[PDB]
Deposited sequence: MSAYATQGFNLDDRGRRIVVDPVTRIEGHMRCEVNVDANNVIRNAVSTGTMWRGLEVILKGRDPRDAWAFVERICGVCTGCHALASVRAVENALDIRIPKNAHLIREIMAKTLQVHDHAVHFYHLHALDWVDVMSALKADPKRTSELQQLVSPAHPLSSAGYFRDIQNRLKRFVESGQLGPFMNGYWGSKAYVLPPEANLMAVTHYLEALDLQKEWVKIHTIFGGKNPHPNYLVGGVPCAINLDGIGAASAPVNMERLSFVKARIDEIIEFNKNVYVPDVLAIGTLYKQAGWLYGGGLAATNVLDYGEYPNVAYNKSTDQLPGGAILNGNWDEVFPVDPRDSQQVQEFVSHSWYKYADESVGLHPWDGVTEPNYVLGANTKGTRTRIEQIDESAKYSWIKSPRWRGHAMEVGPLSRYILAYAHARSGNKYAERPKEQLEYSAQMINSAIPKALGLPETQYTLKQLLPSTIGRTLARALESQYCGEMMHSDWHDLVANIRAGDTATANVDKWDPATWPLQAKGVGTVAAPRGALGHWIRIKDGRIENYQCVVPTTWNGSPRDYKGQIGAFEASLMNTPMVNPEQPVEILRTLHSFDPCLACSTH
């Protein structure tokens, strides 16, 4: 047992294993120890996959890299491609044209919305929503709840909710429960009334049908979703309003189609997703379930993203930096080029360095596998019963910022935005407004509407919690839909003014390149701070290192024994039943773990 970061870790209690962790992307094992009262007093994050993309890239053409690294992940599809083209463009001093910038931003913001909304409904909701309780709901009371939660959502009739309920009934009564089989239904960890459960299940189904429309924005600009195409120097989707305009990738009709999809997104975020998260968050807040803050209460980081003037970072609409020790009055600048800032340790990871007492900046990064289990393992090399976290216990590296363990993600971006806004940064006004609105809804308006006591939680109290982490994701989805709505107008205006350029090809040919170069590309990816760091030599990739948001959040302990965001978030959480991982899943899922991303 030892203390770190204000957490008293203790592995003497009852050991619980969750393997596989489901409703995530990829492969994770989680172990915890619980005390005599079922409170988690130790947590262990194990990434259970590795593919070695960084190794595979060596010797290849930098222009091809985006397609390889895009296949790090099909859920956060394209964010790696974006990071890669940015890194190569940074290395080779390539400035992309305005339309390429705007198209990439629209693609990025489309991914944010799709990834966030699908995460919440299809991966996260079942940690909050009891689908069997939905079968008991009264359709009229569900209609009434819907009208209170979101007055503008037109799918609100008792008959509509009755029809959905009856389909669920028929499904369950078949005896083939499918994705609901062996669930934790009826646990006291579930607190929603039947009507709220039926509303949420209805929206699960609505979101499942609608999510396929949103990605058609990727399809127009990038050819396909998942895995749209990108390009070093711009975008491939050449523009022609009049000229073979029907055969051109982008004409006015295609742009009108994109706007129609954006407008639908704005309605979904405002009428379905945000109100559901506010309502569910309010009810779990009322139940007192404010666990899961972890490192969000102290240390958060993002690179900063979405400059309303291209290549001018002071205009980032999600402004980044680092906060330490819960001091929201001081945001430190984060520089991905600084060898003393972002570093990765492998002390507790299945890799090898020459010297594992130091962390490597990713321009100097090394990925040599070393799968070996500790002396205190229960089981064998190929049949693990209890992993030994005192030794190497994960395929995830341990990123740190100036040695500090940080949480990344939408919550981090929203805390950073709030801090920036309070210091006078006008570019963060919208997230500040959303947070203040959300706090008023959760504390006063929703309780009033539901006949519950009004509360007086501050943003300092509400945000560093599993509820807060889930809220920030929904707010971010809304904000990204709003931003790309503006980006669309800017794109169309620029094209109509006579700038139709989509690619800078001045340095497409490697005969124009410097014989060596290094570059970095960062992205505010859906789960947090993404970076790709490249070294180029003689036209080829010399080194390519990725540090991915779930690498930060899911990281194992560092050389100093400091815990990462997942492990910290599970600490000090009571479980209703230690053999039912409801609370573990609820909190882990609030980070939206992408394990393929984390390990690459």
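Visitor: Numbered from 1 along the deposited sequence, what ranges are absent from the coordinates?
Guide: Seq positions lacking coordinates: 1 to 2, 246.
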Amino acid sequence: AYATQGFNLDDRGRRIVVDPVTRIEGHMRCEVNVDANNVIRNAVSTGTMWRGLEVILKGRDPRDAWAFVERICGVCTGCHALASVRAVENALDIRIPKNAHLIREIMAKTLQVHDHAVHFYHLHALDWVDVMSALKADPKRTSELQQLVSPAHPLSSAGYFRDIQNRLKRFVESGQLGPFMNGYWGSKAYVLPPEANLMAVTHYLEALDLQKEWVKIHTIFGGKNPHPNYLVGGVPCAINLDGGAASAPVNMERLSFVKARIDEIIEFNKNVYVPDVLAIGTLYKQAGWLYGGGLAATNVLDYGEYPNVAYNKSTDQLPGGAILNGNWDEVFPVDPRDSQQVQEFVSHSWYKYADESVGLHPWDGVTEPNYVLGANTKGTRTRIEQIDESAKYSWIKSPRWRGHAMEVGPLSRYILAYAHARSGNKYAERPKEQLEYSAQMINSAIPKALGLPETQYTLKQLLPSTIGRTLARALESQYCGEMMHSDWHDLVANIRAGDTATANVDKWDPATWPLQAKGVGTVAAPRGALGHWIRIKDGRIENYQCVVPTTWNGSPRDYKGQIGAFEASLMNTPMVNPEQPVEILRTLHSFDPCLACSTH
From here on, numbers count along this sequence of modelled residues.
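Visitor: Across the other PDB entries of this protein that were compared, is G292 absent from at least a third?
Guide: No; none of the other entries leave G292 out.
Visitor: Across the other PDB entries of this protein that were compared, is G521 absent from at least a third?
Guide: Per the records, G521 is modelled in all the other entries.
Visitor: Averaging the C-alpha B factors as listed in the entry, name the stretch that ends up higher: 328 to 336 or 396 to 404.
Guide: Mean B over CA atoms: larger for 328 to 336.
Visitor: Comparing 452 to 460 with 516 to 524, which stretch shows the greater average C-alpha B-factor in the deposited entry?
Guide: The stretch with the larger average C-alpha B-factor is 452 to 460.
Visitor: Report the option among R261, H227, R141, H116 whose CA atom has the maximum B-factor in the deposited record.
Guide: Highest C-alpha B-factor among the listed options: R141.
Visitor: Looking at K188, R496, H485, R473, which has the highest CA B-factor as recorded?
Guide: Comparing C-alpha B-factors across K188, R496, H485, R473, the top value belongs to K188.
Visitor: Which third, lowest, middle or highest, does the C-alpha temperature factor of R535 belong to within its own chain?
Guide: It belongs to the middle third of the chain when residues are ordered by C-alpha B-factor.
Visitor: Going by what the PDB entry lists, where does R254 fall on CA B-factor within its chain: lowest, middle or highest third?
Guide: It falls in the middle third of the chain.
Visitor: Within this chain's modelled residues, let me know which third the CA B factor of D163 belongs to: lowest, middle or highest.
Guide: Highest third, going by the recorded CA B-factors of the chain.
Visitor: Going by what the PDB entry lists, where does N182 fall on CA B-factor within its chain: lowest, middle or highest third?
Guide: For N182, the deposited C-alpha B-factor lands in the highest third.
Visitor: Please say which third, lowest, middle or highest, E305 falls into when its CA temperature factor is compared across its chain.
Guide: Middle third by C-alpha B-factor.
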